[PDB]
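Below is one structure; the comments refer to it alone.
The chain is numbered in sequence order, starting from 1. FYI, side chains are in, hydrogens and waters are out, and symmetry mates aren't considered; it's all heavy atoms of this structure.
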Amino acid sequence: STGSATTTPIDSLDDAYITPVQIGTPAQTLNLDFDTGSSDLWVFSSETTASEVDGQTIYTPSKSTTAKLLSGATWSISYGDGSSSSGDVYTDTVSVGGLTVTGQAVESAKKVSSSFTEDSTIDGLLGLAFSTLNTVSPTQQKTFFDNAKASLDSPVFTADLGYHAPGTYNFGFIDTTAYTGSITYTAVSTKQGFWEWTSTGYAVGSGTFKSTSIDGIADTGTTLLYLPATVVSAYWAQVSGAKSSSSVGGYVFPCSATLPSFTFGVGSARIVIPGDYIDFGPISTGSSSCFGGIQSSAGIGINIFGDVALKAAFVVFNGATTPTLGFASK
């Protein structure tokens, strides 16, 4: 089997992407944030504190003939940005782009933090990291991908995120029309539960390539590119007037600037992020100070190849017995 679904930016900055997901019988379609940096499929639901719902579409298990309470199971998660959610668990039928899993753990939110409430476009998350990070207790549950894997033509999914445009998540096949040149594959460590890999270096604009190992995770659920302070300083030094602002919470630059591209290494291959991808616009409405899309990972504890980086590439998440990551230009 295979699946194929379109993923759409939630706003004009590509802050996140939503993908329609069918849950239950008859189908209830929710727009979920596919997140390769976590491993819980959770939804706004009929159980969510009413004051914490503001425009989201909710899953109502009582209206699904295939929903079953997973008796005793609870979940609670906190994300890198400080947001959180928690609740109880149902199993139900879940389909993504024509690909169906029966008995998928659907984690029903009783509580969500402000950040989730305030984002009316995101109805929940669909985690695609390794199932070892799943927070369901006392019986840990599998991701959608893990459940689907054995039925897939190939044990892979691909992320093809658009810049200010829709893209595609495919399951079970590699669309050879979706990228240019060849795909370069690189080793993955699953030791922390993430799609963790090592970039071979970077360049800033038309500058010479710096060979240096940068360990990081491929994370579709993170907006920006977070790299070591040395790298990020070298990038922003090439932008007149750019500075790290503690008041704003990272690097800002004059909105009148033209940003240089940023290149990262995948083995001997190179992925180029156009400068425009690194512009996240005024810090506040009407400001001439703009927020940068490359930020320091210092104090996160890990480097994160988020959407800014991933949307410049066609990315293969290979879940074979020995997982790997593939990157192609497009």
Side-chain angles (χ1 to χ4, degrees), residues 1-8 17-43 59 61 64-67 70 73 75 77 89-108 123-136 139-141 143-148 150-161 167-176 178 183 185 188 190 193-195 217-221 310 314-326:
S1 64
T2 62
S4 186
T6 299
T7 192
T8 304
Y17 298 77
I18 48 171
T19 309
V21 176
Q22 281 69 49
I23 309 174
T25 311
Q28 302 181 36
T29 298
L30 273 65
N31 297 327
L32 305 187
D33 184 352
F34 283 22
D35 179 16
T36 60
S38 70
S39 305
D40 286 52
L41 195 175
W42 75 259
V43 296
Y59 168 61
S64 174
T65 63
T66 43
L70 188 59
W75 63 280
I77 191 163
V89 188
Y90 293 80
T91 55
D92 209 339
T93 302
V94 173
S95 303
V96 175
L99 167 71
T100 299
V101 166
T102 60
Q104 175 64 45
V106 180
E107 302 175 31
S108 168
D123 301 325
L125 265 68
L126 191 148
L128 294 168
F130 293 87
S131 290
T132 50
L133 296 179
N134 177 266
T135 75
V136 176
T139 309
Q140 188 172 55
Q141 300 294 304
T143 70
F144 176 81
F145 180 51
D146 263 7
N147 280 325
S151 308
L152 294 179
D153 289 1
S154 186
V156 302
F157 69 88
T158 64
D160 182 9
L161 303 178
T168 307
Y169 281 101
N170 290 329
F171 292 85
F173 73 104
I174 288 158
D175 182 356
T176 55
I183 306 180
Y185 289 86
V188 164
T190 62
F194 300 117
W195 291 93
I217 67 167
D219 187 359
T220 60
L310 303 180
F314 176 85
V315 190
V316 180
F317 295 76
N318 172 26
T321 305
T322 296
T324 64
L325 273 173

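Annotation: side chain to side chain donor-acceptor pair (under 3.5 Å) contacts of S38 (sequence neighbours excluded): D35. Shown here are the side chain to side chain contact (heavy atoms under 4.5 Å, CB included) partners of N170, two or more places apart in sequence or in another chain: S4, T158, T168, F173, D175. Applying the side chain to side chain donor-acceptor pair (under 3.5 Å) test to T2 and every residue at least two apart in sequence or in another chain returns nothing. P323 pairs by the side chain to side chain contact (heavy atoms under 4.5 Å, CB included) definition with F130, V188, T190, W195, not counting sequence neighbours. Not counting sequence neighbours, the partners of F314 by the ring pair (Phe, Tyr, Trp, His ring centres under 6.0 Å) test are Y179. Here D160 pairs with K330 under the salt bridge (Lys or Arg N to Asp or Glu O under 4.0 Å) rule; sequence neighbours left out. For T19, the side chain to side chain donor-acceptor pair (under 3.5 Å) test picks out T7, with sequence neighbours left out. Among residues two or more places apart in sequence or in another chain, the side chain to side chain donor-acceptor pair (under 3.5 Å) test is passed with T8 by none.
The two residues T29 and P20 have their closest heavy-atom pair at CG2-CB, 4.0 Å.
Judged purely by atom type and a 3.5 angstrom limit, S95 has no side-chain atom pairing as donor or acceptor with the backbone of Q22. Here the side chain of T36 pairs a donor or acceptor atom with the backbone of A218 at under 3.5 angstrom. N31 places no side-chain N or O within 3.5 Å of a backbone atom of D123 that could act as its donor or acceptor partner.
Taking the six-membered ring wherever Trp is involved, the centroid distance between the rings of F144 and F171 falls below 6.0 Å.
By the 30° and 60° cut-offs, the orientation of the rings of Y90 relative to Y59 is perpendicular.
Considering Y17, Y169, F145 as possible partners of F34, the one that fulfils the ring-ring contact (aromatic ring centres under 6.0 Å, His included) test is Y169.
A distance of 10.0 Å separates CD1 in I23 from OG in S108, rounded to the nearest 0.5 Å.
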Applying side chain to side chain donor-acceptor pair (under 3.5 Å), run through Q141 and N134 and close with a yes or a no. CA-CA 6 Å; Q141 300 294 304; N134 177 266; over 6 Å; no

